[PDB]
Each structure stands twice: as C-alpha cells, then as structure tokens.
>>> print(open('model-v9.cif').read())   # mmCIF, N, CA, C and O atoms
data_start
loop_
_atom_site.label_atom_id
_atom_site.label_comp_id
_atom_site.auth_asym_id
_atom_site.auth_seq_id
_atom_site.Cartn_x
_atom_site.Cartn_y
_atom_site.Cartn_z
N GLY A 1 155.88 50.11 38.49
CA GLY A 1 156.78 49.36 37.63
C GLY A 1 156.64 49.68 36.16
O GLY A 1 157.41 49.19 35.33
N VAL A 2 155.65 50.50 35.82
CA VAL A 2 155.42 50.93 34.45
C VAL A 2 155.76 52.41 34.36
O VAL A 2 155.28 53.22 35.15
N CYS A 3 156.57 52.76 33.38
CA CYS A 3 157.00 54.13 33.19
C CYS A 3 156.47 54.66 31.87
O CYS A 3 156.41 53.94 30.87
N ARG A 4 156.08 55.92 31.91
CA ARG A 4 155.81 56.73 30.73
C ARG A 4 157.02 57.64 30.54
O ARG A 4 157.36 58.41 31.44
N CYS A 5 157.71 57.50 29.41
CA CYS A 5 158.95 58.22 29.16
C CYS A 5 158.85 58.99 27.86
O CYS A 5 158.32 58.48 26.86
N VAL A 6 159.35 60.21 27.85
CA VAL A 6 159.47 61.01 26.64
C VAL A 6 160.94 61.38 26.49
O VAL A 6 161.53 61.96 27.41
N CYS A 7 161.52 61.02 25.37
CA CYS A 7 162.93 61.19 25.11
C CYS A 7 163.13 62.04 23.87
O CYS A 7 162.35 62.00 22.92
N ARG A 8 164.22 62.79 23.88
CA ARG A 8 164.72 63.49 22.71
C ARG A 8 166.14 63.94 22.97
O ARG A 8 166.52 64.15 24.12
N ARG A 9 166.92 64.08 21.91
CA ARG A 9 168.18 64.83 21.96
C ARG A 9 168.94 64.63 23.28
O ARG A 9 169.29 65.59 23.96
N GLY A 10 169.21 63.38 23.64
CA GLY A 10 170.07 63.13 24.80
C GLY A 10 169.42 63.30 26.17
O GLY A 10 170.13 63.50 27.17
N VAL A 11 168.11 63.24 26.26
CA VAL A 11 167.43 63.37 27.54
C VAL A 11 166.17 62.55 27.50
O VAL A 11 165.43 62.59 26.51
N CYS A 12 165.90 61.81 28.56
CA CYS A 12 164.62 61.13 28.73
C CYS A 12 164.01 61.59 30.04
O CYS A 12 164.72 61.70 31.05
N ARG A 13 162.72 61.89 30.04
CA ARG A 13 161.96 62.20 31.24
C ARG A 13 160.90 61.13 31.42
O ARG A 13 160.10 60.89 30.52
N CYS A 14 160.87 60.51 32.59
CA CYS A 14 160.00 59.38 32.84
C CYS A 14 159.20 59.61 34.11
O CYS A 14 159.69 60.18 35.08
N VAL A 15 157.95 59.14 34.10
CA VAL A 15 157.11 59.08 35.29
C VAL A 15 156.75 57.62 35.46
O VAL A 15 156.21 57.00 34.53
N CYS A 16 157.08 57.05 36.61
CA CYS A 16 156.95 55.62 36.84
C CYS A 16 156.04 55.36 38.03
O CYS A 16 156.21 55.96 39.09
N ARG A 17 155.12 54.41 37.86
CA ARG A 17 154.19 53.97 38.89
C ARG A 17 154.04 52.46 38.75
O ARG A 17 153.78 51.97 37.65
N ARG A 18 154.21 51.73 39.84
CA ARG A 18 153.98 50.28 39.84
C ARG A 18 154.69 49.59 38.68
O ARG A 18 154.22 48.57 38.17
N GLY Q 1 154.16 56.92 45.74
CA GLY Q 1 154.01 55.84 44.79
C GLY Q 1 154.36 56.18 43.35
O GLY Q 1 154.06 55.41 42.43
N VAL Q 2 154.98 57.33 43.14
CA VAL Q 2 155.36 57.79 41.81
C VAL Q 2 156.82 58.22 41.84
O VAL Q 2 157.22 58.97 42.74
N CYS Q 3 157.60 57.79 40.86
CA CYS Q 3 158.96 58.26 40.69
C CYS Q 3 159.04 59.07 39.41
O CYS Q 3 158.55 58.62 38.37
N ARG Q 4 159.61 60.26 39.49
CA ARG Q 4 159.85 61.13 38.35
C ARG Q 4 161.34 61.19 38.12
O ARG Q 4 162.09 61.61 39.00
N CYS Q 5 161.77 60.76 36.95
CA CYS Q 5 163.17 60.56 36.64
C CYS Q 5 163.54 61.37 35.40
O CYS Q 5 162.77 61.45 34.44
N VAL Q 6 164.74 61.92 35.40
CA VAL Q 6 165.34 62.55 34.23
C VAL Q 6 166.68 61.87 33.99
O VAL Q 6 167.49 61.75 34.92
N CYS Q 7 166.91 61.44 32.76
CA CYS Q 7 168.08 60.67 32.38
C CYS Q 7 168.84 61.38 31.28
O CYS Q 7 168.26 61.78 30.27
N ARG Q 8 170.15 61.49 31.46
CA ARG Q 8 171.06 61.96 30.43
C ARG Q 8 172.35 61.18 30.59
O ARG Q 8 172.78 60.94 31.71
N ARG Q 9 172.98 60.82 29.48
CA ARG Q 9 174.29 60.18 29.53
C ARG Q 9 174.25 58.82 30.22
O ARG Q 9 175.29 58.35 30.69
N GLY Q 10 173.08 58.20 30.33
CA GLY Q 10 172.93 56.98 31.11
C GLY Q 10 172.78 57.21 32.60
O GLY Q 10 172.67 56.24 33.37
N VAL Q 11 172.74 58.47 33.03
CA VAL Q 11 172.62 58.84 34.43
C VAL Q 11 171.20 59.32 34.65
O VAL Q 11 170.77 60.30 34.03
N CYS Q 12 170.48 58.68 35.57
CA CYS Q 12 169.12 59.06 35.87
C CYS Q 12 169.01 59.56 37.30
O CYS Q 12 169.54 58.92 38.22
N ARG Q 13 168.35 60.70 37.47
CA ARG Q 13 168.06 61.26 38.77
C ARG Q 13 166.56 61.21 38.96
O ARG Q 13 165.81 61.72 38.13
N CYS Q 14 166.12 60.55 40.02
CA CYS Q 14 164.71 60.27 40.25
C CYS Q 14 164.30 60.77 41.62
O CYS Q 14 165.05 60.65 42.59
N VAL Q 15 163.10 61.33 41.70
CA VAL Q 15 162.49 61.71 42.95
C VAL Q 15 161.20 60.92 43.08
O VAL Q 15 160.36 60.96 42.17
N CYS Q 16 161.04 60.20 44.18
CA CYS Q 16 159.93 59.30 44.39
C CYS Q 16 159.16 59.74 45.62
O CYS Q 16 159.73 59.88 46.70
N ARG Q 17 157.86 59.94 45.46
CA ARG Q 17 156.96 60.24 46.56
C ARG Q 17 155.62 59.63 46.20
O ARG Q 17 155.23 59.61 45.03
N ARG Q 18 154.91 59.15 47.22
CA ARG Q 18 153.50 58.80 47.07
C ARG Q 18 153.25 57.89 45.89
O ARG Q 18 152.27 58.08 45.15
N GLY G 1 173.01 50.83 35.53
CA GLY G 1 172.06 50.16 36.40
C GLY G 1 172.51 50.11 37.85
O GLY G 1 171.93 49.35 38.63
N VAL G 2 173.50 50.92 38.22
CA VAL G 2 173.98 51.00 39.59
C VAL G 2 173.28 52.19 40.23
O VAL G 2 173.51 53.34 39.84
N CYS G 3 172.44 51.93 41.22
CA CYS G 3 171.60 52.97 41.80
C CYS G 3 171.86 53.11 43.29
O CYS G 3 172.13 52.14 44.00
N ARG G 4 171.71 54.34 43.76
CA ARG G 4 171.58 54.61 45.17
C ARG G 4 170.32 55.43 45.37
O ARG G 4 169.90 56.18 44.49
N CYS G 5 169.67 55.23 46.50
CA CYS G 5 168.50 56.00 46.86
C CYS G 5 168.69 56.47 48.29
O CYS G 5 169.04 55.67 49.17
N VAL G 6 168.45 57.75 48.52
CA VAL G 6 168.48 58.32 49.86
C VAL G 6 167.07 58.79 50.17
O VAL G 6 166.48 59.54 49.39
N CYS G 7 166.55 58.32 51.29
CA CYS G 7 165.16 58.51 51.65
C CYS G 7 165.07 59.22 52.99
O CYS G 7 165.86 58.96 53.90
N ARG G 8 164.10 60.10 53.09
CA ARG G 8 163.60 60.58 54.35
C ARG G 8 162.15 60.15 54.41
O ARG G 8 161.61 59.60 53.44
N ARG G 9 161.50 60.37 55.53
CA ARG G 9 160.10 60.00 55.57
C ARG G 9 159.36 60.75 54.46
O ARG G 9 159.41 61.99 54.38
N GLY G 10 158.73 60.00 53.58
CA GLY G 10 157.92 60.54 52.51
C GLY G 10 158.60 60.78 51.16
O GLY G 10 157.91 61.07 50.18
N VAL G 11 159.92 60.69 51.06
CA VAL G 11 160.57 61.00 49.79
C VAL G 11 161.85 60.20 49.66
O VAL G 11 162.63 60.11 50.61
N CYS G 12 162.08 59.69 48.46
CA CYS G 12 163.35 59.09 48.11
C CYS G 12 163.91 59.78 46.89
O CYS G 12 163.18 60.08 45.95
N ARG G 13 165.20 60.05 46.91
CA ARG G 13 165.91 60.57 45.75
C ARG G 13 166.94 59.55 45.33
O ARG G 13 167.78 59.14 46.15
N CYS G 14 166.88 59.14 44.08
CA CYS G 14 167.76 58.11 43.59
C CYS G 14 168.61 58.66 42.46
O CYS G 14 168.18 59.52 41.69
N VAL G 15 169.83 58.14 42.37
CA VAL G 15 170.72 58.42 41.26
C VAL G 15 171.19 57.07 40.75
O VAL G 15 171.66 56.24 41.53
N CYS G 16 171.02 56.85 39.46
CA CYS G 16 171.42 55.60 38.83
C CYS G 16 172.40 55.92 37.72
O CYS G 16 172.13 56.79 36.89
N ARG G 17 173.53 55.23 37.72
CA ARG G 17 174.54 55.37 36.68
C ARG G 17 174.57 54.02 36.02
O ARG G 17 175.04 53.05 36.62
N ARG G 18 174.03 53.97 34.81
CA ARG G 18 173.67 52.72 34.18
C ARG G 18 172.67 52.05 35.11
O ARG G 18 171.96 52.74 35.86
#
>>> encode(input="model-v9.cif", output="structure tokens")
Amino acid sequence: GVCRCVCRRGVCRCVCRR
Amino acid sequence: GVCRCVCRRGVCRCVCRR
Amino acid sequence: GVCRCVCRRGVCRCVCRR
C-alpha cells in the first residue's frame, strides 16, 4: 500500500508494496 | 507482493508479482 | 481511478485510467 514513485516530464514510475 | 507501475497522461500500467 | 487487472497464476497486469 506504500509506493516509491519517481516522476519527471510527464511520467511517473512507482514501485508499490503493502 | 510488489506492483511496478508506469504512469503517463493519468494512465498507469502496472505489473504485480510476489 | 478506473482500473482493470488481468491475472494469471503468479502475475497481475493492471491498467488504470484515472
């Protein structure tokens, strides 16, 4: 349920666990 | 138990395993 | 926030539009 997200320039990449 | 997501334009595509 | 997920044993792939 917690995500680590890195965003820039119209894109977000997220890794989510619990 | 992990979902990896990429979001653009409000559209997110996620792959979840383990 | 409208999502679909398609799963096989061991993997789910989701697409969320909002």
>>> axis_aligned_box(input="model-v9.cif", around="segment 2-18 of chain G", padding_each_side="4 Å", output="JSON")
{"center_x": 166.5, "center_y": 56.5, "center_z": 44.9, "size_x": 25.1, "size_y": 19.1, "size_z": 29.4}
>>> residues_around(input="model-v9.cif", residues="segment 2-8 of chain Q", least_positions_apart="4", cutoff="4.5 Å", atoms="all atoms listed in the file", output="ChimeraX atom specification")
/A:10-16 /Q:12-18
>>> write_last_selection(input="model-v9.cif", atoms="N, CA, C and O atoms", output="PDB file, in the frame of the given file")
ATOM      1  N   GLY A  10     169.210  63.380  23.640  1.00  0.00           N
ATOM      2  CA  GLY A  10     170.070  63.130  24.800  1.00  0.00           C
ATOM      3  C   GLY A  10     169.420  63.300  26.170  1.00  0.00           C
ATOM      4  O   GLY A  10     170.130  63.500  27.170  1.00  0.00           O
ATOM      5  N   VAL A  11     168.110  63.240  26.260  1.00  0.00           N
ATOM      6  CA  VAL A  11     167.430  63.370  27.540  1.00  0.00           C
ATOM      7  C   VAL A  11     166.170  62.550  27.500  1.00  0.00           C
ATOM      8  O   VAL A  11     165.430  62.590  26.510  1.00  0.00           O
ATOM      9  N   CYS A  12     165.900  61.810  28.560  1.00  0.00           N
ATOM     10  CA  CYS A  12     164.620  61.130  28.730  1.00  0.00           C
ATOM     11  C   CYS A  12     164.010  61.590  30.040  1.00  0.00           C
ATOM     12  O   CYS A  12     164.720  61.700  31.050  1.00  0.00           O
ATOM     13  N   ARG A  13     162.720  61.890  30.040  1.00  0.00           N
ATOM     14  CA  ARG A  13     161.960  62.200  31.240  1.00  0.00           C
ATOM     15  C   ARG A  13     160.900  61.130  31.420  1.00  0.00           C
ATOM     16  O   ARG A  13     160.100  60.890  30.520  1.00  0.00           O
ATOM     17  N   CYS A  14     160.870  60.510  32.590  1.00  0.00           N
ATOM     18  CA  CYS A  14     160.000  59.380  32.840  1.00  0.00           C
ATOM     19  C   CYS A  14     159.200  59.610  34.110  1.00  0.00           C
ATOM     20  O   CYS A  14     159.690  60.180  35.080  1.00  0.00           O
ATOM     21  N   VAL A  15     157.950  59.140  34.100  1.00  0.00           N
ATOM     22  CA  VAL A  15     157.110  59.080  35.290  1.00  0.00           C
ATOM     23  C   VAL A  15     156.750  57.620  35.460  1.00  0.00           C
ATOM     24  O   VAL A  15     156.210  57.000  34.530  1.00  0.00           O
ATOM     25  N   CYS A  16     157.080  57.050  36.610  1.00  0.00           N
ATOM     26  CA  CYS A  16     156.950  55.620  36.840  1.00  0.00           C
ATOM     27  C   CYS A  16     156.040  55.360  38.030  1.00  0.00           C
ATOM     28  O   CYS A  16     156.210  55.960  39.090  1.00  0.00           O
TER      29      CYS A  16
ATOM     30  N   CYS Q  12     170.480  58.680  35.570  1.00  0.00           N
ATOM     31  CA  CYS Q  12     169.120  59.060  35.870  1.00  0.00           C
ATOM     32  C   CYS Q  12     169.010  59.560  37.300  1.00  0.00           C
ATOM     33  O   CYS Q  12     169.540  58.920  38.220  1.00  0.00           O
ATOM     34  N   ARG Q  13     168.350  60.700  37.470  1.00  0.00           N
ATOM     35  CA  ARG Q  13     168.060  61.260  38.770  1.00  0.00           C
ATOM     36  C   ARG Q  13     166.560  61.210  38.960  1.00  0.00           C
ATOM     37  O   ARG Q  13     165.810  61.720  38.130  1.00  0.00           O
ATOM     38  N   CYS Q  14     166.120  60.550  40.020  1.00  0.00           N
ATOM     39  CA  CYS Q  14     164.710  60.270  40.250  1.00  0.00           C
ATOM     40  C   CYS Q  14     164.300  60.770  41.620  1.00  0.00           C
ATOM     41  O   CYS Q  14     165.050  60.650  42.590  1.00  0.00           O
ATOM     42  N   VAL Q  15     163.100  61.330  41.700  1.00  0.00           N
ATOM     43  CA  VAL Q  15     162.490  61.710  42.950  1.00  0.00           C
ATOM     44  C   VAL Q  15     161.200  60.920  43.080  1.00  0.00           C
ATOM     45  O   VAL Q  15     160.360  60.960  42.170  1.00  0.00           O
ATOM     46  N   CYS Q  16     161.040  60.200  44.180  1.00  0.00           N
ATOM     47  CA  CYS Q  16     159.930  59.300  44.390  1.00  0.00           C
ATOM     48  C   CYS Q  16     159.160  59.740  45.620  1.00  0.00           C
ATOM     49  O   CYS Q  16     159.730  59.880  46.700  1.00  0.00           O
ATOM     50  N   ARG Q  17     157.860  59.940  45.460  1.00  0.00           N
ATOM     51  CA  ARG Q  17     156.960  60.240  46.560  1.00  0.00           C
ATOM     52  C   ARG Q  17     155.620  59.630  46.200  1.00  0.00           C
ATOM     53  O   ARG Q  17     155.230  59.610  45.030  1.00  0.00           O
ATOM     54  N   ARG Q  18     154.910  59.150  47.220  1.00  0.00           N
ATOM     55  CA  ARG Q  18     153.500  58.800  47.070  1.00  0.00           C
ATOM     56  C   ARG Q  18     153.250  57.890  45.890  1.00  0.00           C
ATOM     57  O   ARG Q  18     152.270  58.080  45.150  1.00  0.00           O
TER      58      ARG Q  18
END
>>> select_by_dssp(input="model-v9.cif", residues="chain G", states="strand (DSSP E)", output="PyMOL selection string")
chain G and resi 2-8+11-17
>>> calpha_fit_and_write(input="model-v9.cif", fixed="chain A", moving="chain Q", output="PDB file with N, CA, C and O atoms, in the frame of the given file")
ATOM      1  N   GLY Q   1     154.924  49.852  38.636  1.00  0.00           N
ATOM      2  CA  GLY Q   1     155.731  48.930  37.868  1.00  0.00           C
ATOM      3  C   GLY Q   1     155.895  49.272  36.395  1.00  0.00           C
ATOM      4  O   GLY Q   1     156.371  48.447  35.606  1.00  0.00           O
ATOM      5  N   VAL Q   2     155.495  50.473  36.011  1.00  0.00           N
ATOM      6  CA  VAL Q   2     155.578  50.928  34.629  1.00  0.00           C
ATOM      7  C   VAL Q   2     156.238  52.299  34.603  1.00  0.00           C
ATOM      8  O   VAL Q   2     155.846  53.183  35.377  1.00  0.00           O
ATOM      9  N   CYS Q   3     157.197  52.495  33.711  1.00  0.00           N
ATOM     10  CA  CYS Q   3     157.786  53.799  33.481  1.00  0.00           C
ATOM     11  C   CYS Q   3     157.405  54.268  32.089  1.00  0.00           C
ATOM     12  O   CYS Q   3     157.534  53.502  31.129  1.00  0.00           O
ATOM     13  N   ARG Q   4     156.906  55.488  31.985  1.00  0.00           N
ATOM     14  CA  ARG Q   4     156.572  56.129  30.724  1.00  0.00           C
ATOM     15  C   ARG Q   4     157.555  57.251  30.500  1.00  0.00           C
ATOM     16  O   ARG Q   4     157.642  58.174  31.310  1.00  0.00           O
ATOM     17  N   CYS Q   5     158.302  57.169  29.417  1.00  0.00           N
ATOM     18  CA  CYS Q   5     159.425  58.044  29.156  1.00  0.00           C
ATOM     19  C   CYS Q   5     159.234  58.732  27.806  1.00  0.00           C
ATOM     20  O   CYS Q   5     158.778  58.118  26.839  1.00  0.00           O
ATOM     21  N   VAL Q   6     159.636  59.987  27.730  1.00  0.00           N
ATOM     22  CA  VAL Q   6     159.722  60.733  26.480  1.00  0.00           C
ATOM     23  C   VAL Q   6     161.147  61.253  26.363  1.00  0.00           C
ATOM     24  O   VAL Q   6     161.663  61.867  27.308  1.00  0.00           O
ATOM     25  N   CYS Q   7     161.768  61.016  25.219  1.00  0.00           N
ATOM     26  CA  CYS Q   7     163.163  61.336  24.977  1.00  0.00           C
ATOM     27  C   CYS Q   7     163.289  62.261  23.785  1.00  0.00           C
ATOM     28  O   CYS Q   7     162.732  61.995  22.719  1.00  0.00           O
ATOM     29  N   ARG Q   8     164.064  63.324  23.957  1.00  0.00           N
ATOM     30  CA  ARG Q   8     164.458  64.208  22.874  1.00  0.00           C
ATOM     31  C   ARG Q   8     165.873  64.664  23.167  1.00  0.00           C
ATOM     32  O   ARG Q   8     166.199  64.935  24.315  1.00  0.00           O
ATOM     33  N   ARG Q   9     166.696  64.782  22.134  1.00  0.00           N
ATOM     34  CA  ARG Q   9     168.036  65.335  22.297  1.00  0.00           C
ATOM     35  C   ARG Q   9     168.919  64.472  23.193  1.00  0.00           C
ATOM     36  O   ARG Q   9     169.902  64.979  23.741  1.00  0.00           O
ATOM     37  N   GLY Q  10     168.575  63.204  23.389  1.00  0.00           N
ATOM     38  CA  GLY Q  10     169.271  62.362  24.351  1.00  0.00           C
ATOM     39  C   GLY Q  10     168.818  62.551  25.785  1.00  0.00           C
ATOM     40  O   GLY Q  10     169.359  61.903  26.698  1.00  0.00           O
ATOM     41  N   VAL Q  11     167.816  63.400  26.009  1.00  0.00           N
ATOM     42  CA  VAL Q  11     167.292  63.695  27.332  1.00  0.00           C
ATOM     43  C   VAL Q  11     165.962  62.982  27.460  1.00  0.00           C
ATOM     44  O   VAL Q  11     165.033  63.251  26.689  1.00  0.00           O
ATOM     45  N   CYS Q  12     165.833  62.115  28.463  1.00  0.00           N
ATOM     46  CA  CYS Q  12     164.607  61.388  28.687  1.00  0.00           C
ATOM     47  C   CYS Q  12     163.990  61.780  30.019  1.00  0.00           C
ATOM     48  O   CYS Q  12     164.700  61.841  31.033  1.00  0.00           O
ATOM     49  N   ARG Q  13     162.693  62.063  30.000  1.00  0.00           N
ATOM     50  CA  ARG Q  13     161.928  62.349  31.192  1.00  0.00           C
ATOM     51  C   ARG Q  13     160.936  61.221  31.374  1.00  0.00           C
ATOM     52  O   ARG Q  13     160.162  60.920  30.467  1.00  0.00           O
ATOM     53  N   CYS Q  14     160.992  60.563  32.521  1.00  0.00           N
ATOM     54  CA  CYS Q  14     160.224  59.354  32.780  1.00  0.00           C
ATOM     55  C   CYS Q  14     159.414  59.518  34.049  1.00  0.00           C
ATOM     56  O   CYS Q  14     159.884  60.092  35.033  1.00  0.00           O
ATOM     57  N   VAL Q  15     158.190  59.007  34.029  1.00  0.00           N
ATOM     58  CA  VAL Q  15     157.348  58.931  35.197  1.00  0.00           C
ATOM     59  C   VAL Q  15     157.045  57.463  35.439  1.00  0.00           C
ATOM     60  O   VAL Q  15     156.566  56.775  34.527  1.00  0.00           O
ATOM     61  N   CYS Q  16     157.329  56.976  36.638  1.00  0.00           N
ATOM     62  CA  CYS Q  16     157.218  55.577  36.978  1.00  0.00           C
ATOM     63  C   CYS Q  16     156.227  55.420  38.115  1.00  0.00           C
ATOM     64  O   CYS Q  16     156.374  56.043  39.165  1.00  0.00           O
ATOM     65  N   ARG Q  17     155.229  54.572  37.914  1.00  0.00           N
ATOM     66  CA  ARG Q  17     154.271  54.212  38.944  1.00  0.00           C
ATOM     67  C   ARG Q  17     153.863  52.778  38.674  1.00  0.00           C
ATOM     68  O   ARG Q  17     153.761  52.359  37.518  1.00  0.00           O
ATOM     69  N   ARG Q  18     153.612  52.034  39.750  1.00  0.00           N
ATOM     70  CA  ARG Q  18     152.942  50.741  39.645  1.00  0.00           C
ATOM     71  C   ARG Q  18     153.586  49.835  38.622  1.00  0.00           C
ATOM     72  O   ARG Q  18     152.882  49.160  37.852  1.00  0.00           O
TER      73      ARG Q  18
END
>>> atom_distance(input="model-v9.cif", atom1="atom O of residue 1 of chain Q", atom2="atom N of residue 9 of chain G")
15.9 Å
